[PDB]
Structures are given as structure tokens and as C-alpha cells.
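Inspection log for the structure reproduced underneath, given as C-alpha cells.
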Amino acid sequence: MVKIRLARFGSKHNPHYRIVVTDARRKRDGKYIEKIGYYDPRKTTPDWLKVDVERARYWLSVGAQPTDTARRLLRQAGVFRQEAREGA
Amino acid sequence: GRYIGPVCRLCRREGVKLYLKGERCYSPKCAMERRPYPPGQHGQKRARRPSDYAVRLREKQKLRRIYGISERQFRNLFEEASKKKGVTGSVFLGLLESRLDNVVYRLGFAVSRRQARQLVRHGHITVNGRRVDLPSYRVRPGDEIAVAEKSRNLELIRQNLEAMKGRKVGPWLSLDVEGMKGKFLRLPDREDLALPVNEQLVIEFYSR
Amino acid sequence: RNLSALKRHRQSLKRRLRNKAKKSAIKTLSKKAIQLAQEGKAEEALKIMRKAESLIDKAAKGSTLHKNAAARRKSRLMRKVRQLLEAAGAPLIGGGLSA
Amino acid sequence: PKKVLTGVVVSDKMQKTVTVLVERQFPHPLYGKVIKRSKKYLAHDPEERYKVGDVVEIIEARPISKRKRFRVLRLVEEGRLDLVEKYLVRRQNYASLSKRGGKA
RNA sequence: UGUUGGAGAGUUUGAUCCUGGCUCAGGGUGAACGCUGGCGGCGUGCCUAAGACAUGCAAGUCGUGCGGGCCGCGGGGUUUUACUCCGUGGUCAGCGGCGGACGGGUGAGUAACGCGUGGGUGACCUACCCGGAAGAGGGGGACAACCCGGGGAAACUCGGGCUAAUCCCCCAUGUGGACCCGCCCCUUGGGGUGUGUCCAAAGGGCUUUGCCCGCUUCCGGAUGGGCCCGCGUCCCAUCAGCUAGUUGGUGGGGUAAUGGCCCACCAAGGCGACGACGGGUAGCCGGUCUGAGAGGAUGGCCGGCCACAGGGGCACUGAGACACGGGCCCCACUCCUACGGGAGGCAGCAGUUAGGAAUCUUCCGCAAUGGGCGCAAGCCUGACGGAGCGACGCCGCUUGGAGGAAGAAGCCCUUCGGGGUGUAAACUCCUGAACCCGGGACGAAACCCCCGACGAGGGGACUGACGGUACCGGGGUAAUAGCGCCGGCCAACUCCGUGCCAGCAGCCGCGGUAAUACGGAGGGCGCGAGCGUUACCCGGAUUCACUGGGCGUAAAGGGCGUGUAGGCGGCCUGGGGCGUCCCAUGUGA
Ligand SMILES: [Mg+2]
Ligand SMILES: [Mg+2]
Ligand SMILES: [Mg+2]
Ligand SMILES: [Mg+2]
Ligand SMILES: [Mg+2]
Ligand SMILES: [Mg+2]
Ligand SMILES: [Mg+2]
Ligand SMILES: [Mg+2]
Ligand SMILES: [Mg+2]
Ligand SMILES: [Mg+2]
Ligand SMILES: [Mg+2]
Ligand SMILES: [Mg+2]
Ligand SMILES: [Mg+2]
Ligand SMILES: [Mg+2]
Ligand SMILES: [Mg+2]
Ligand SMILES: [Mg+2]
Ligand SMILES: [Mg+2]
Ligand SMILES: [Mg+2]
Ligand SMILES: [Mg+2]
Ligand SMILES: [Mg+2]
Ligand SMILES: [Mg+2]
Ligand SMILES: [Mg+2]
Ligand SMILES: [Mg+2]
Ligand SMILES: [Mg+2]
Ligand SMILES: [Mg+2]
Ligand SMILES: [Mg+2]
Ligand SMILES: [Mg+2]
Ligand SMILES: [Mg+2]
Ligand SMILES: [Mg+2]
Ligand SMILES: [Mg+2]
Ligand SMILES: [Zn+2]
């Protein structure tokens, strides 16, 4: 399954992830398919999530299943707010 | 633990006057005053024409001993330089002169570098607000280097600034004796610095 | 000891005899289906083909052969026969042989 | 894209098969001098149409045995023993280096 | 693979020059040894016996597939009896689905399409995930569990009987698909089509006319992977010839697919000095070290690929394995044995022992990121997140800061007036790492539940290993230094001892009664929690020279010739345009 998950890159106590797309199979720290962005849990620099809606959506339409965590993040970006109005 | 111990013997070895104590090394007592010959049991004997290596060496221990840095921190900056665009020479000094523990010397907060090294250690200084007890911290162009609020009341420090009332500052710095603050305008250029050095030689030493 | 993963080696066997048998059969039915055509008995060899043919795709339905293992067999036999029936035969039933 | 190589047959002894010589040419990894090396490829003649010393082109394909993985597209000159004679003449040499001992 | 880049010296002589080897200064090390050793951050830590390993732990999960054995609480039917029906909690194993083919270890083997690079598959497979079409009708059967008995010293095995389902099977159905065969468009098994033949399937669950999960067939996406090819990959020619399934061919077998991949027959070829065959050595690469560069050396950590899991062989099951913690046989090995026969494998984390100059905790956590199974709750997971030990490396930090006499004491030297350690200490003042008090978090937000429509969105709540740690606020004491050298290269000099002795030594050498070269003292240079040493890689070494060397006498012209492969080739014009150069673009994670 090609899934959108996180990957650990930062160092010891300063973890920095990646919204990578891949096979649940490889290790979420090895080769990948593409990068949809990143997130730094810690919350130091004004820029956290950087998910590219565009690509995100596309892998999703292909079947890339995002982790519960990978989702929360794509939902913060907008990988899920499909244009609506007149009624809400 | 870089050096720490007798200093003026350093002053006497390089044969040139080094300001490693601030006060005194001005009044008749820095030793180089009626005793400029090196220390040891042969300081007064005659010196033999130095080797190309001796000169390059002496000239380094000078540049460095003025800032009291381990040959270790000394080297690595040399390299930083070597790599940066610009005249290895001055680019080196620039940085050397960018050390907080140093800037605190030029701004006057302390009688001399070593003391400034310390003040930085005991947290009597600040940069942009957040104090910094790191000597080797590199001050960037535009960073206020103030005195610790809870320190502005120490006798020693007041004493220092008190006498700065008048002492101008490098055209690459400026301070506000009132608010005991002071900015790092820009990296001082070789000219701006009056060092009895020949960095064209330090350089040559690390070319061996 | 007792990782209880021996269940896998416990099922397999049940599946070894499982597979073993359908295949073996396919084979037998196949070959037997040949012999006939070879000789010349028209119908009797096509009739058997069908069954044979079936068994194939049947063992194939699951995971006995699957894929195109149910494509050589078939095609292959649907040749030996037809061709072995090239000694004056005329497929009267022409079952498993779109003529 | 499947690679095409152009060479010179050098043996038609086998059935539906032709041994083609591909001379390549490249500068040294460490001396830049130009250099020539060669390789014998085994391609298929399903028509037995290609004969000795014909200069052919070759393409990658379904392996058709241990070593043969190329074919013979179409001709490029129906005759030149000129070069075959070189290869044949190279081998002829080996047949005589070491062992046999012309000295005994 | 970046774009400011290149120092030499000592030593063969009476003296010179050239040659030429040896030697040093540099940098790097998964290191080791010595002396010394205060803190923290990150990193890293068996390189030798791929020797052997005790014990614990490293892959399981689902009762929303199924039926039972067992311990328990509760409800029925026969008015009290044995008996029996229902709901239900825990539990154990079984049948079944999916995971065990990922993750984790090692580098033995392999010079090979193993890897790197780029292409090929009209020669292919791809569970689970995603989009789209169509469908889910009827019937039958077994094996476990469980009950009986038998063999066994065990391990465990056998026979007997019953029963369930998403387990197996038959029939029906067919959007369709599979095959043969005829034809069309393509062009090596690509696509479309005709009559014939063959092939589907299961249910479970609830807020039950609704939907969740699941299931069947088929076309597409997605990812992953097989196979094949060009090119690139060490040393030795005192390894020169190798080859019989070996080279091709046809038929056939086998595989998801090509193929000598396997077999039968036919032909006899294929590989080699542009180094076959053999021996030795070695996992390959991204990268690392060095270097002015060209190049050299290396490939431990991290990442991609390969290979192995006691040695060797083999297949079963499955999408995938020829399966590290699966299975079968042989070998060796330790282990149980009433000796008839059985049991294991740490190159998984952690530890043990052997080897060794040398390499750690038998830790904590499942909070996080990740993987597995499940509607979910959640279970699992030494993967991982972390803590411990080792100055093994790198980076930051301290042992204090200003003042303090023509100058204590002491020790050293001093043709003896004095010089030196030295502002160093003493002493004064200022600051105040440790340590104590109180406060203490980022890494955590969702999965679940509610509103909404099961969307989108919004609301609610639980959730830490590291830690009571980092970090902030207050109080607060001056509170570790060593080590190498000081003849020349190489910066640093006297005296005392010793007398070619004791001893130094990287090269040159130093010592036979004045030693700046042995030992101690004083002093001095260097570097500083480190400094020396040893080993190995690059540098210096233009000392294998492509960049960048040589051969009259220093090492070096083959005794001469003939000539093969090969290397090289005058002058003019025209075709190609392979080399070569240029632009675009894909690749160069
Ligand atoms: Mg990973
Ligand atoms: Mg210091
Ligand atoms: Mg010096
Ligand atoms: Mg100072
Ligand atoms: Mg088990
Ligand atoms: Mg089994
Ligand atoms: Mg078939
Ligand atoms: Mg060539
Ligand atoms: Mg071949
Ligand atoms: Mg660059
Ligand atoms: Mg001499
Ligand atoms: Mg059942
Ligand atoms: Mg009981
Ligand atoms: Mg009743
Ligand atoms: Mg249980
Ligand atoms: Mg159970
Ligand atoms: Mg793996
Ligand atoms: Mg490739
Ligand atoms: Mg036809
Ligand atoms: Mg084809
Ligand atoms: Mg060089
Ligand atoms: Mg194991
Ligand atoms: Mg999880
Ligand atoms: Mg679930
Ligand atoms: Mg490193
Ligand atoms: Mg105080
Ligand atoms: Mg060289
Ligand atoms: Mg020479
Ligand atoms: Mg010419
Ligand atoms: Mg061209
Ligand atoms: Zn001084």
C-alpha cells in the first residue's frame, strides 16, 4: 500500500518529520516516492506543516492511505476541505 | 580551559605590548616597562636570527594570545575564513572580533577580554534580550549587546561604564552608556583594527 | 517453544494434499484426453477435453494454478488435440474447439 | 529504446545463428587516447539470409539462448571479407602462442 | 563530487654536483597502549573465532467467520427429581481469514549483469489500497475441537465416531474473462471481433427497507518486483589455453514471463592475448579520508542494491519464500535417553564464554514515528522513542576576574655585583560552576464519543518513556591539570650526576671524565582535559610521472633482422557526419 506517512529526520530530541508517500513496507526512513511536505512537532519556527494540497490530493485519489497522524496534518492544510458554500 | 595563569610573561615573549589585563598594562607595570626582554633564564641573552617558521609562529601566538582562545577554536575560525569569499586575512579578524566575549571588551562593559569572557559566563550580558553565557557566540550585524538587568547594579560593571563616559567606540560599534546597551554595527575592517599583527603571516603559518 | 506458528505448517499440508490432487487430476484428464485424439476417436476426446479444460480453470479458480497457468494448459491441450485430430477427424461435437 | 549496434558477421557455422563483431571506440578513462575494443554478439538468422562477412545492424530482443539476445535488422553492405579476414587472422595467431613450443 | 590553488628538510663527499633510496614535519582513524581525567550536547562503540552459546524477550491478530472444552453470575421448561433450553463474563486450544516473504542481523560467499549507470519487456506477476461495470440463485460433504481406545521413556504418534463456517465441492447464472480457431487494425504472446468450450461467489454486524464490513468476476490507477541488454568493476601470465549441455537448432517439459532453465534428437560449435581458463583478494554503490588537481586509499555508522542465517540439499503453502526466530534428509556439534529414539541453533535486543591490543546495559517505555491484525475498543512490536557504560571522536564549558613591589620565601643559575621562576603567589576587592529551595514544559494530536449526513466542518474527553530531567526564578562556595618536547628537520637552555657505562634513537646520530643529544633540577616552547605512543590510509613521493620522469658513463635500448596482431599515416575536392563540439530535454532519489 502506498501510504502518506511521516518520516524521522531531525536529530535526537529535535524531531522533524516528512509527509512522505510510500510502501508501508519500507521503513518510514528509507527510500520514498515523493515528499508532500513536513511538520516539526516541537513548534519553534513559524512554519510547520507544508503539505502540498495539489500532490497530496492526487496520491489520495490513487489510494495512498494516510496514517491517523498523517491525516490530522493534511486536514490542517486543506487536503480535505472540498469547496462549498450557499447553505452552511 | 585555555591557558589561564601568568600573562605578562606572554606579553614579554612576543616582545610587543599585549592588553590582556585592561588596567595596569597602561601604568608603569606591564613589565614591558623596563624589562621588555622575554622570561626565563635567558630572556636577556642574545637572540639568534629566527627561522621562517619562528616568525610565522611567534606572529600567530600573538594574534591568538590577544584573544586568548585555544589553538583549537583559533584554527577552526581560520578555516571558516579560508573558505569564505574575501581576503582570508581580514575576514579572519572580522570573525575573531565578532566573539561576544570580545565584543563585550570593545563596548567597554569590562576592563579587558578575559574579564569580558567571564562576565559573559556569569550571565551579566545579553544579546537581543535573551542573555548568553557563551564566550564564542558570534555577534551578527544588528544585535544589541546589553548588560544583564540584574547585573547593571554590580559595582564592577558600573565602575567600567562609568569610565567609558567619554571613551569613543570603534566605528563598528556604538553604545548607550545610559541604558548600558550597545550595538554591533558591522564587521570591523582590518583598517578599523589597530593590531600589532601581520596576519599575512599567521596565514602563512597554516600553509605549512 | 510453542510459538503456535506451527498452525501455518498445519494448514499447508491440508492444502498440499488439496492442490496435489486437483492438479494430478488435471494432468491425468489432460493426457488421457490426448491419447484419444492421437488415435482418432473423435468425440470421446473432445468430451474429455471439456472436463479436462474445466478442471483446469477450476483448480485455477483458487490458487492451485491461478494466473495464466490456466492459459498454457488450456491453449496447449487445445492444440495437441485439435492437431492430433489432423488425421481425418472432423470435430463432430467441436466442444472445446471453436471451429 | 533498444540499442542498435553495427558489426561484421564472422561465423555462420550454427543453425539460424550469426556471430557479429561490434567494434566500439572510446577515449581512455585515464589517457584519453582513442581506443578500439570488440565484442562478439550472437544474433538470429531465421531466414539464413545473412552470410559470411555481411555488415549488419543489431537490436536487443527476447533472449533466445545463453548469450543471444540480439537480432539482425537489415543489411548495410552485402560483402566485405576485408575485416572478417582480420579477426580470422587474429585467432590464427593464438593457435601459436605458448605451449606448442615451436622450439621442440 | 565547490568554483581563492601547489612551501620543504635530514641524510652517501676531504669538499661539489647530479642521481637515488631511506627518513621527518601534515591530515584522517569504528582504534588500541601509556600518563593524566572536571561537566554537558550530539555522535559512536567486537575491525579478531560467520567459533560456541545458558535464561529472558525479538510476530502476532480477529468472537462483527465458526463450533466447542472449562471455571463463574443470571433467566426458563417438565408443580419437588434426574434431564434440558436461553442469555452472559473470563478463559484455553481448535477450524478459518490476514500477518509470519515487512521490520531487525551479518558480510561469510560472490570479479558476478552482484552492484553502478542507462535502456528493454509485441516475453511478464503484483495480496492489501484507489476508480469504474456487473453480480452475490440452489444443493451436497469433510476434518478439527470434543468423546472411545491403542502404542510411547520421551518427543509425540495412530486408529475409532459426531459436528460448524467467509473451510471444501457440484449445479445454475455471466456484465464479462480464459483458450482454440477464422478475420481486421498493429506489428516478435499489442488491440478489436465471430460461432464453439471453459470459469464466479459467503457471509458477518448493527441504531434491520438502512448502512457498515466482507465477498465474485473484469477493465484502469497505484506501488512493488522478475527477467533481458550496453556500458563500467582488483591482483598474479612463473595461470594460456577453457568448453560437451558446452554453442546453436526443432519438438516438448517447466515458470507469472524470455531462456539450456530442464530432457529427447540433430548439427558442431562457443569463449580466448581488446586475457578466456586457473589461483589469490573483495559484498557493490550514494558517499568518507587525502590531495592544488589528476589521482590514491577506503566503503564501519546513515541510505539504495546483493548475499547469507550451524555446513549442504530440497521442496510444501502462498501475491510474494525456495522462506534467520517454517518444514524434510545428510553432515558436524552440544543436549535428554529405561540406548528403541528424540532435541536444538543469538550473523534479533540484552547477556555468557573463547579469541583478542579492543568494542557497552541480561535497562525503561510502548507516550511518539512506524508495521502487523481488527468496525472498533485494542493487542503486538528490544522496529523504534529513550536512559546507562566507554574522554572512542567532534563541538561548547570550567578550574576564576581587576589590583597587587624595580620586587617574599624557597628552588636554579651566578669569574659571585647579580639574573631567573614573577605578578606568579601572599594580600585586597569583584563575579560566583558545583551544591540547596520553589517552580517545572515542548515533543500531543488525533483514532473513540456527540452535532453534522456516515461529507466538509465543528464540540468533547483520555493519552507519556525520557523526568521531576532540560529549562526559568532565589540563595550560593574560588571551586580538577596534564602531557609531549626543548642537537639539527622542529619552537625551547643552563647546571649537577654519569663516562661508549646507564641509557637516547623517526633519519642523521648522542655517551669513552666541559655532553645544549643519557638521568634529575631549574628554566623554556607546544597543546590543554587532554597529551604522547603504536598501527594503517593519503600527503610530502614529478619515488610508477595522464596532469608530471626516465635509459652515452648514475637503474634502464631488447645481439641483430624478418614480419604477424596493433598503434601511427603526405596532398586536393566532394558524400557520410562514427569520433568531436554545441543547444534542448529526460535521468543524475
Ligand atoms: Mg523508517
Ligand atoms: Mg581558557
Ligand atoms: Mg611560541
Ligand atoms: Mg580581559
Ligand atoms: Mg511455535
Ligand atoms: Mg499445514
Ligand atoms: Mg492453460
Ligand atoms: Mg571498440
Ligand atoms: Mg544465446
Ligand atoms: Mg559547486
Ligand atoms: Mg661526513
Ligand atoms: Mg462456523
Ligand atoms: Mg475442568
Ligand atoms: Mg413444561
Ligand atoms: Mg488469552
Ligand atoms: Mg482463540
Ligand atoms: Mg528486509
Ligand atoms: Mg536499474
Ligand atoms: Mg487462420
Ligand atoms: Mg507473442
Ligand atoms: Mg601532489
Ligand atoms: Mg535466530
Ligand atoms: Mg500506531
Ligand atoms: Mg481497526
Ligand atoms: Mg564523522
Ligand atoms: Mg556574594
Ligand atoms: Mg604520486
Ligand atoms: Mg627518475
Ligand atoms: Mg589524413
Ligand atoms: Mg555523430
Ligand atoms: Zn602585560
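For the range C:12-18, take each phi angle, set θ = phi - 60°, evaluate the Karplus expression 6.51 cos²θ - 1.76 cosθ + 1.60, and give the result in whole Hz per residue in order, putting x for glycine and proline.
Residue by residue, the range C:12-18 yields 2, 2, 3, 8, 5, 4, 4 Hz.
Residue by residue through the range B:121-131, which ³J(HN,Hα) values in whole Hz follow from phi under the Karplus form 6.51 cos²θ - 1.76 cosθ + 1.60 (θ = phi - 60°), with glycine and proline marked x?
4, 5, x, 9, 10, 9, 9, 6, x, 6, 4
If the elastic network links every pair of Cα atoms under 10 Å, which of D:38, D:65, D:11 fluctuates the most in the Gaussian network model of chain D?
The residue that fluctuates most here is D:65.
Can you check how the C-alpha radius of gyration of chain A compares to 2.2 N^0.38 Å, as a plain ratio?
1.14
Kindly express, to the nearest 10 degrees and within the range 0 to 90, the angle between helix A:68-77's C-alpha long axis and the longest C-alpha principal axis of chain A.
Around 60 degrees separate the two axes.
Given the pairs D:16/D:68; B:150/B:181; C:14/C:47; C:22/C:61, which span a C-alpha to C-alpha distance of over 20 angstrom in this model?
Going by Cα-Cα distance, C:14/C:47 fall outside the 20 Å limit.
Among the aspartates and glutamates, which fall within straight-line cross-link reach of residue B:85, defined as a Cα-Cα distance under 15 Å, with same-chain neighbours fewer than 8 residues apart omitted?
Straight-distance partners of residue B:85: B:189.
Where the convex hull is taken over the Cα atoms of chain B, what is its projected area averaged over directions, in nm²?
12.6
Return the FRET efficiency for the residue pair residue A:83, residue A:29: r is the Cβ-Cβ distance, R0 is 30 Å, and the value is rounded to the nearest 0.05.
So the FRET efficiency works out to roughly 0.25.
Grab the beta carbon distance between residue C:57 and residue A:62, set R0 = 41 Å, and tell me the FRET efficiency rounded to 0.05.
E(calc), rounded to 0.05, equals 0.80.
In whole angstrom, how far apart do the alpha carbon centroids of the range D:1-43 and the range D:88-104 sit?
So the two Cα centres are separated by 24 Å.
What size of dipole, in debye to the nearest 20, comes out for chain D about its Cα centre when the only charges are +1 on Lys and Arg C-beta atoms and -1 on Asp and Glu C-beta atoms?
Approximately 740 debye in magnitude.
Size of the dipole of the protein assembly as shown about the Cα centre, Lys and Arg at +1 and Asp and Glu at -1 on the beta carbon, nothing else charged, in debye to 20?
It comes to approximately 3140 debye.
Across chain C, where is the longest run that never hits trypsin sites (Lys or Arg not before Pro) in a DSSP loop with at most 15 other C-beta atoms within 10 Å?
C:2-40
State the Cα centre-to-centre distance between the range B:149-194 and the range C:43-90 in whole Å.
First find each Cα centre; the distance between them is then 99 Å.
For residue B:83, which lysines qualify as cross-link partners when the Cα separation must be under 28 Å and same-chain residues fewer than eight apart are set aside?
The reachable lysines, counting only those whose Cα sits under 28 Å from residue B:83, are B:60, B:62, B:183.
Pairs of Cα atoms under 8 Å, at least six residues apart: use those to get the relative contact order of chain B, whole percent.
20
Using a 7 Å offset from the Cα along the Cα-to-Cβ direction at both residue D:80 and residue B:47, what is the distance between the two label points in nm, to one decimal?
According to this spin-label approximation, the distance is 8.1 nm.
Return the calculated 222 nm mean residue ellipticity for chain D, to the nearest 500 deg cm²/dmol, obtained by summing -39500 (n - 2.57) across DSSP H runs with n ≥ 4 and dividing by the residue count.
Value at 222 nm, helices only, nearest 500: -4500 deg cm²/dmol.
Give me the Kirkwood hydrodynamic radius of chain D in Å, from all C-alpha pairs, to one decimal place?
15.2
Compute the FRET efficiency between residue B:58 and residue D:30 as 1/(1 + (r/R0)^6), taking r as their Cβ-Cβ distance and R0 = 51 Å, and round to the nearest 0.05.
0.65
Please give the residues of the range A:18-32, grouped as numeric ranges, whose backbone N is less than 14 Å from a label point set 7 Å along the Cα-to-Cβ vector of residue A:69.
A:18-20, A:28-29
For chain D, set up a Gaussian network in which alpha carbons nearer than 10 Å are linked by springs, and say which option among D:82, D:45, D:54 fluctuates the most.
D:82
Just to be sure I understand the model, the point goes 7 Å from the Cα along the line to the Cβ. What's the resulting residue A:9 to residue C:90 distance in nm?
Calculated label separation equals 7.8 nm.
From the phi angles alone, apply the Karplus equation (6.51, -1.76, 1.60; θ = phi - 60°) to the range B:34-46 and give each ³J(HN,Hα) in whole Hz, x where the residue is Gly or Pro.
Those phi angles translate into 6, 2, x, 7, x, x, x, 8, 9, x, 8, 4, 8 Hz.
Quick check on chain B: helices-only [θ] at 222 nm, where DSSP H runs of length 4 and up contribute -39,500 (n - 2.57) each and the sum goes over total residues. Nearest 500, please.
My calculation for chain B gives -10500 deg cm²/dmol from helical runs alone.
Coordinate-derived values only; no laboratory data. Cβ: placed from backbone, ideal geometry, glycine included. Neighbour counts: every protein chain shown.
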